[PDB]
Every structure is written in C-alpha cells, then in structure tokens.
Amino acid sequence: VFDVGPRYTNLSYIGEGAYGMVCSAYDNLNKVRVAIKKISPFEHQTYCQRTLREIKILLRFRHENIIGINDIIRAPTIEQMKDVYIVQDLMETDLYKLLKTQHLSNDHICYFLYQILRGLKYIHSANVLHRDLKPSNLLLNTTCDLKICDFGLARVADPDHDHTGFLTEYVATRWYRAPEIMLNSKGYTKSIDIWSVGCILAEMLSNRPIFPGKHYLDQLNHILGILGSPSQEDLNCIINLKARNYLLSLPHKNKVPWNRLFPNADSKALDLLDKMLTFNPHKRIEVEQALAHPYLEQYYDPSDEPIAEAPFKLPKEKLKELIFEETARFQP
Amino acid sequence: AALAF
Ligand SMILES: COC[C@H]1Cn2cc(-c3nc(Nc4ccnn4C)ncc3C)nc2C(=O)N1Cc1ccc(F)c(F)c1
C-alpha cells in the first residue's frame, strides 16, 4: 500500500529501512516528480525515536545542501495513523550508487566535498551532529547538486558527556566510525562527523571504502593499519586503561603515505584528507577550517556558507503522539 | 579540466 493518492501517483521503488520504504512519485499539483518515503515505525520504539528526531531537525533546517521536507501525509487522528509519508525533492541517485560504477574527475570530487562541508557547516552551526555520514546518505541529481539526508541518528552536541569506556557499543555505520568511538567516545562531538567526511573523500578518490572493517575492533585495526601507531601525544588523551593498554599492546607501524594509497589524487586533496583523518579528535580539522583549505579555494566563500538562525538547544505509544503533533502543520 | 557546475 502506497497511499499518497490526493495528488501523488505513479509510484516506483527506491529503497528501504528496518521501518520504512522510499519511493518516487508524480506530483499532480507541482507537475514534477518527487520522492516519497513511506515510514511505518510505530511497532518499534527505536524506529519512533529516529523518525521524530529526523522530522524535528529537517523541518527546522533550511539549506541548499540538506534535504528538506515539502509535505507530510498521515491520517487525521492518532488512532488511524499507521504510516507517515514524507515528501521531499527527488534526487536521481546517491554517492554510494554513483561510486559503485563511476570514476569521478578531480573537479567532481572537489565540488562534492565542498557541498558536503557547506551543508555540514550549517548542521554543526545549529549544535547538531549528523552521526551517520556515508555515501548513501549523500543524494545527487543530474546537475551534481548534493543534499545530505538521513538524520535518524542525529544528536545535539554534548562534549561534556562524550566519555565512555573501551569497546562501548555503537549504532552508526561501521566503516565511517572515528577511531575514538572504539576507544573512549560516545560520538557526541563535531569531530565525529569530520572523520566520516574524510572517509567519504578517500572513497571518492578510489571508489572503495578506505577502512572496511568487518566487525567492531577490526574497524580500529583498519584505521591504525593506515595511520600507523598513535603518537605519545595522542596517547595522552586516552586515559581509560583498557583502551590505552590495548593500543600499547599493538606492534609498531609507520604511516601508509596518502600519495601511495591515492597516486592519481590532487596533492591539496590529500593534505585535506590527512587533516580530516587525524587520529586525535582535538587536532582534527573543523568544518570551517576545511572549507578554507586550499583544495576548496575555487568555491570557498564564507558569506555564501550560511549558518543556522539559532542552535537546536519515551515509550513508542507516546513517541507516536509527538510524531502526530510535529506533522500537524501539513494538514489542510 | 574546468567543469561547469
Ligand atoms: C531507503 O533510504 C535509506 C536512506 C537513504 N535515503 C535516500 C533518500 C532519497 N533518495 C532519493 N533518491 C534516490 C537515492 C538513490 N537513488 N535514488 C533515486 N531522493 C530523495 C530522497 C529523500 N532518502 C533516504 C532516507 O531517508 N534514508 C534513511 C531511512 C531510514 C529509515 C527508513 F525506514 C527509511 F526508509 C529510510
């Protein structure tokens, strides 16, 4: 059932999640094809929490490089509401699908990275962390416009409560996890997102994930296999003993040079990659510095890289109520 | 290369 009939017809499948499905459909009013995400999350608490945080963020954000919500279709009452349909701009593909078969020119890598960071500056300026940046969450159209999507794992930044023990369970996509997630971090600081963007840049350069860990700790071992052993200064940040002693137990490895991994890459792109893929999250480049890096000089313009107008400062039955309230503005 | 975006 794809019940968007008042004005949306001719549905064609796009993809799915544990609690929803994305389709493409014709908008009988605006005479344009749109994307519609059928979301059926109400039978699972986790699905409800992710749906609510995403709707709340996406309705507040307004940025060219972030997917917006154009319409929300749902029943007029909580009792009758089984599914929620989110209508958004249609994007022809995503960076995951594109990198499966297409080599990117250096100009495409530069422009796509610029747009990722431009959108990320806005996100971070609202004190929000995306926490699941990866190629499939970067939507693209035929004119190379890029929009970040999927804010289901997003959180408000909380650096004071970022500390955790070694091997703490984590939900976001393994291959794009910063090394500190496995060591001592809950992923509540902006540096978590910069690491993922660095992983995406490496993937745009080679068409393959840079750190394809097969399981939790294997992820850290792929990272260290390229970065080499953390320095004494970076080990100064790792004060939890189990994490520290795990790193000290590893054999010494020197750094794999970026120019050996990416021999066809622009040297300025590799200098920016190095700064994004910095082991110490405190030394890792921040989004505004990355925009100002020489690799992005042809696009950089801080006056045209807007920030958010203000920061973004439960059982499944109650979460369903809040989803109903949050979607009320779209009822006629 | 100077792609027109
Ligand atoms: C199945 O999507 C997965 C993921 C990526 N994704 C892609 C898009 C999206 N994709 C296109 N087009 C397009 C892309 C590629 N080819 N094409 C044609 N255009 C517009 C939009 C908004 N939206 C989303 C999205 O929300 N999520 C998150 C999500 C979470 C839970 C769920 F249950 C769920 F269903 C979706």
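Per Swiss-Prot, chain A residues shown: 18-330, 338-356, in order.
Recorded method for this deposit: X-ray crystallography, 1.3 Å.
Placed from the backbone N, Cα and C atoms, the Cβ positions cover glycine too.
Positions annotated as DNA-binding region by Swiss-Prot: A:259-277. Same-chain residues lying 6 or more positions outside the DNA-binding region (A:259-277) and placing a CB less than 8 Å from one of its CB atoms are 182-184, 199-201, 241-247, 252, 284, 287, 290-291.
Per Swiss-Prot, active site, proton acceptor is recorded for A:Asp149. The Cβ of A:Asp149 (active site, proton acceptor) lies under 8 Å from the Cβ of A:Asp167, A:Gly169, A:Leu170, A:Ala171, A:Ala189, A:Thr190, A:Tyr193, A:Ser213, each of which sits 6+ residues away along the same chain.
DSSP classifies A:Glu33 (ATP binding site) as strand under the three-state reduction. Residues or ranges marked as ATP binding site by Swiss-Prot on the basis of sequence analysis: A:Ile31, A:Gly32, A:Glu33, A:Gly34, A:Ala35, A:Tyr36, A:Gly37, A:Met38, A:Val39, A:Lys54.
Annotation for A:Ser29 (phosphoserine): same-chain Cβ neighbours under 8 Å, separated by at least 6 residues, are A:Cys40, A:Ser41, A:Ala42. Residues or ranges marked as phosphoserine by Swiss-Prot: A:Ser29 (among others).
Taken from Swiss-Prot, the feature phosphothreonine applies to A:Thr185 (among others). A coil conformation is recorded for A:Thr185 (phosphothreonine) in the three-state DSSP classification, outside any helix or strand. Other Cβ atoms within 10 Å of the Cβ of A:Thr185 (phosphothreonine), summed over all protein chains shown, number 16.
The phosphotyrosine feature in Swiss-Prot is assigned to A:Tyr187.
The annotation phosphothreonine is assigned in Swiss-Prot to A:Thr190 (among others) on the grounds of experimental evidence. Taken residue by residue with DSSP, A:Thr190 (phosphothreonine) is part of neither helix nor strand, so it is coil.
Residues or ranges marked as phosphoserine in Swiss-Prot (evidence: experimental evidence): A:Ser246 (among others). Secondary structure at A:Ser246 (phosphoserine), taken from DSSP and collapsed to helix, strand or coil, is coil.
Marked as phosphoserine by Swiss-Prot: A:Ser248 (among others). Same-chain residues at least 6 positions away in sequence with a Cβ under 8 Å from that of A:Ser248 (phosphoserine) are, in sequence order, A:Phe296.
Taken from Swiss-Prot, the feature phosphoserine covers A:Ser284 (among others), and the record attributes it to a large-scale study or a structure entry. Under DSSP, A:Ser284 (phosphoserine) is assigned to a helix (H, G or I) in the three-state scheme.
Taking H, G and I as helix, E and B as strand and the rest as coil, DSSP gives the motif 'Cytoplasmic retention motif' (A:318-322) the counts 3 helix, 0 strand, 2 coil. If you look up Swiss-Prot, you'll see A:318-322 marked as motif 'Cytoplasmic retention motif', on the strength of experimental evidence.
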ATP binding residues A:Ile31, A:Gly32, A:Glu33, A:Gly34, A:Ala35, A:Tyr36, A:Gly37, A:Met38, A:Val39, A:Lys54: largest Cα-Cα distance, in Å and rounded to whole number: 15
Additional residues around ATP, ordered along the sequence, whose Cβ is within 8 Å of the centroid of A:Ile31, A:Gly32, A:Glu33, A:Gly34, A:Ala35, A:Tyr36, A:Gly37, A:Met38, A:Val39, A:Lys54: A:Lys55, A:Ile56
Number of Cβ atoms other than its own within 10 Å, given for A:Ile31 (ATP binding site): 15
Secondary structure content, the DNA-binding region (A:259-277) (per DSSP, counts of residues): 11 helix, 0 strand, 8 coil
Fewest other Cβ within 10 angstroms of its own Cβ, chosen from the binding-site residues A:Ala35, A:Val39: A:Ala35
Through-space Cα separation in Å, A:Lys330-A:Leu338, 7-residue segment unmodelled: 19
Integer Cα-Cα distance in angstrom, A:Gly37 (ATP binding site) to A:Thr185 (phosphothreonine): 28
